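Colleague: This one's experimental. Sequence and coordinates below.
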Amino acid sequence: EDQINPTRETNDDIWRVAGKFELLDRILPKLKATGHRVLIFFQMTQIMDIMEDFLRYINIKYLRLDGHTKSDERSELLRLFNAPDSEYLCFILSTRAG
Amino acid sequence: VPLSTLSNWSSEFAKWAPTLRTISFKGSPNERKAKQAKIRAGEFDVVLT
Amino acid sequence: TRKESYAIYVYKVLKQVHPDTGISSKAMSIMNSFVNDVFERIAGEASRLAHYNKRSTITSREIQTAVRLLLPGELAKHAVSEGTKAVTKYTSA
Amino acid sequence: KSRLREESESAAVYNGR
Amino acid sequence: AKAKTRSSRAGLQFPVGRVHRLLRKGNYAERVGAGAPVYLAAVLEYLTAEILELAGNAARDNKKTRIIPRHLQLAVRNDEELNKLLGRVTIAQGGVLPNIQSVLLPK
Amino acid sequence: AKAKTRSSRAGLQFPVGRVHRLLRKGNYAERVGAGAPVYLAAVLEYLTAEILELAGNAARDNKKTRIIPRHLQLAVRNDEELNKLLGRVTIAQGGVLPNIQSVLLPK
Amino acid sequence: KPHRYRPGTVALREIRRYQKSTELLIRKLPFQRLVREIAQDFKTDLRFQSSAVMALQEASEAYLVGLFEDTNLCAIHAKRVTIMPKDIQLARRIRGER
Amino acid sequence: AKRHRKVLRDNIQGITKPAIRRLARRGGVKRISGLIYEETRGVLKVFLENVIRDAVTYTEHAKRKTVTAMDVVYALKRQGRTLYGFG
DNA sequence: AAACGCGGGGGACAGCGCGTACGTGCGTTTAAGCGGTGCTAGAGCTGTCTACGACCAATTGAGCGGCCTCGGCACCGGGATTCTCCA
DNA sequence: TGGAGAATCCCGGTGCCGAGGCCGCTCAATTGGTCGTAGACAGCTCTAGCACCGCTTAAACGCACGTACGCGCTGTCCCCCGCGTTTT
């Protein structure tokens, strides 16, 4: 990450260096077009973080969840899905805890 | 039940059935002292742990 | 797979000496290490003496010399006597 | 642009620990 | 013939033919004078008694019938000649003797 | 049959066959691979070259074309890895190196 | 009556109880990661005995404790109860390390 | 921060200043200077390395990949830190 | 040399100052460590195998002890130099 | 900042015993054949180190601060050595 970009800022080469990531920018206008919500699973502590960059890069709102957090925010984020008026379509979910 | 789905079972223990009391176990140990010394004698219908 | 150790022997000297005190296997392991430790210390010192005077029969005289040399104070003179003691029990037997 | 060298040969050195 | 162990001849627990076997094994001399293993197993049992003594002492001083390496530390390091002879031997889970520097004590 | 030493075979001066005779006669192991004498006598020759350099160096620095033990002191102890290697090895009549304590000397 | 002490006071019971007890005083995952880090630095990829980890730790923290006594010996010898690093380095010097 | 974690310190510094305080209290320090927590750490790692390099040297001469507490016995005895309860 | 003194002046020492530091308390997390997985790796156990220097026979010149110097360096005479203590 | 003097370094003349080589004369060091055996090395297995995260939570860390002690500064007195002594 440092040898590619030492500035580690929001860059266009975040989603153009990988193969899932270029196609993910192909669907993100279309996911915003289709209006159907998408649940995506990731590995812990690293793949979600760079996905937090990319969904913020195309400016699609998103939630998150993990294992070393507290349980207070767990049930509240369940309640935020049950409201249908969510402007966020995609969000981030875990396999081992979630 | 698992820690991921605790309150949803308890919310369904509220809406789908009344008169069944529920005892939870979560978080820091300070809040448990109020419950598990009050219901130390075990006046409940369900412990949801 | 019966492999000769000193755990029941340190147990033997334990219940010979402190039968009121059982052992942890950690202290047992410390002593089982220590047994072969000084078993190598004094006998390497004894082979050092067996090369000091170029000898090939290390007897209890030579272990007496090693006990004389290495051990401080009573630790010599007791192991002088005790190291002779069962020697006098085995040279009899 | 396109999908796509200096980052590879540096990775050829840096990841060789 | 049978393993009729040579410690019983010496009144010992440490089989003196295992000791004679070890002395023939350890390259100490060509002939192992057969009292050298008895000298060895005899000094061995003397020191086994020496240390099992103070070990049970310190263990029951800590009101435990199980001799632990902490008890081994507090019995061995209290000795002049032992810890003088074993200044460089460390006991895992032996720890420290309880003692503070004098001027660091508050007044 | 033909008495011919291994020092020319390895490019050394120290008798590597004396090393092998002492190696079999040192009982370090039963099979004594004769390359282990050469690995010994090689480091012997190499470190004798390492030290005679320094010894004659300190000698000629003391205007001497014979190594005296004072020159051995100035050879070994001024080397940091020799003194680190020989922290408890001493040269008789090597003497002492000139060094006054700092606040002892005037400033 | 509150018990705010001045800089100096609370330490000594620990100086009792540590020496009254028999254990190590270190976070073990930063210690076992230290073992794996340092042992990797000589030659990477070891399978790692945690027995080796504690077998190093026992000789470690004992030697650590052992140095601080001569440190305060140089400190109180130089009439100080606040220890200094010069006490440590002189202690390692007369100990032969420095 | 939340975008990329970057939350590591070290393993020598992973030993905490309260852990250095703990050992300093077991070692007899009343008022630790701030420089002690790192001058301690330096000589701690200095002590650490010399054992395990020769322990790996054992491991290679013994043709292994698992550096053992047996190697810690093999080294610490030879490096003058002979320990009872590990061999 | 030792050995016995002996001014002698500043070095130890006391001691006072001063100010800050370093713990201390306590607020704030937080990574510690625990479980808990999932697995697999080299450890471990066997499985034969041969080569390897053992060992000893023969030999032989190595190399070093006893036998030949003469010369590197010490000793000393004399002087140049160079540090130190009172102007 | 400077000369007087006491210590040092250096340089010229002497000579010597030790450093080094000389002269046999082995004896040890080698070569020459084993010699099974030691470890050489194939297979097997299984385990035991392996990260990893769920999560806690108390430990570490975050900071207010309070003063203690460590040094800032002094005078001393003392005390130990220097100059002179001789004897031992």
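Modeller: In hand now; what should we look at? Residues are numbered from 1 along each chain as shown, chains lettered A, B, ... in the order given.
Colleague: Give me the spatial nearest neighbour of the residue of chain H found nearest chain E, chain neighbours excluded.
Modeller: When scored by C-beta to the nearest C-beta, chain H has residue H:85 as its residue closest to chain E, at 3.4 Å. Where C-beta positions appear, they are placed from N, C-alpha and C, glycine not excepted. Leaving aside its chain neighbours, residue H:85 sits nearest to residue E:92 (3.4 Å; criterion: C-beta to C-beta, 6 or more residues apart in numbering or on different chains).
Colleague: how many neighbours does that neighbour have?
Modeller: 24 (other C-beta atoms under 10 Å in any protein chain shown).
Colleague: That one against residue H:82, yeah?
Modeller: No - Residue E:92 is beyond contact range of residue H:82, at 10.8 Å (criterion: C-beta atoms under 8 Å).
Colleague: Do a quick rundown of the strands in chain A.
Modeller: Here chain A has its strands, by DSSP state E, at A:38-42, A:90-94.
Colleague: Quick check: which of those is nearest to residue F:56?
Modeller: strand A:38-42 (71.3 Å; C-beta to C-beta).
Colleague: Now name the helix or strand holding the residue nearest in space to the middle of chain G.
Modeller: For chain G, residue G:64 is the residue whose C-alpha lies nearest the centre (C-alpha atoms, centre = their mean; 3.3 Å). Under the criterion of DSSP states H and E, residue G:64 resides in helix G:50-77.
Colleague: what's the neighbour count on residue C:71?
Modeller: 21.
Colleague: Excluding covalently adjacent residues, which one is nearest to it?
Modeller: Residue C:71 sits nearest to residue C:79 (C-beta to C-beta, 6+ apart), 5.8 Å away.
Colleague: quick one: the one you found and residue E:41 touch, right?
Modeller: No - in this structure, residue C:79 is not within contact of residue E:41 by C-beta under 8 Å, at 11.7 Å.
Colleague: quick one, which of those two is more surrounded?
Modeller: residue E:41 (30 against 26).
Colleague: What sits closest to the more buried one if chain neighbours are left out?
Modeller: That would be residue E:14: by C-beta to C-beta, 6+ apart, it lies 4.1 Å from residue E:41.
Colleague: Look at the one you found and tell me its secondary structure.
Modeller: Per DSSP: H, G, I helix; E, B strand; the rest coil, the local secondary structure of residue E:14 is coil.
Colleague: mind listing what it touches?
Modeller: C:6, C:9, E:7, E:41, E:44, E:45, E:48 (C-beta atoms under 8 Å, 6 or more residues apart in numbering or on different chains).
Colleague: what number of residues lie near the second one?
Modeller: What that stands for is residue C:9. By other C-beta under 10 Å, the burial measure for residue C:9, its neighbour count, is 23.
Colleague: For the residue nearest to the centre of chain G, which non-adjacent residue is closest in space?
Modeller: Excluding its sequence neighbours, the residue lying closest to residue G:64 (C-beta to C-beta, 6+ apart) is residue H:23, at 5.0 Å.
Colleague: what do you get for residue G:25?
Modeller: Leaving aside its chain neighbours, residue G:25 sits nearest to residue H:22 (3.7 Å; criterion: C-beta to C-beta, 6+ apart).
Colleague: Please enumerate the helices of the chain.
Modeller: You didn't say which chain, so I picked chain A. Counting by DSSP state H, chain A has helices at residues A:19-34, A:47-57, A:72-82.
Colleague: I was thinking of chain H, sorry if that wasn't clear
Modeller: So, for chain H - with DSSP H - the helices run H:17-27, H:36-61, H:69-76.
Colleague: And for chain C?
Modeller: C:7-17, C:25-52, C:60-70, C:74-90.
Colleague: could you say what helices and strands the second one packs with?
Modeller: Packing contacts for helix C:25-52, counted by 3 or more C-beta pairs under 8 Å, 6 or more residues apart in numbering or on different chains; DSSP states H and E, involve helix C:7-17, strand C:57-58, helix C:60-70, helix E:36-61, helix E:69-76, strand H:82-84.
Colleague: Pull out the buried residues from that helix.
Modeller: C:26-35, C:37-39, C:42-43, C:45-47, C:49-50 (16 or more other C-beta atoms under 10 Å in any protein chain shown).
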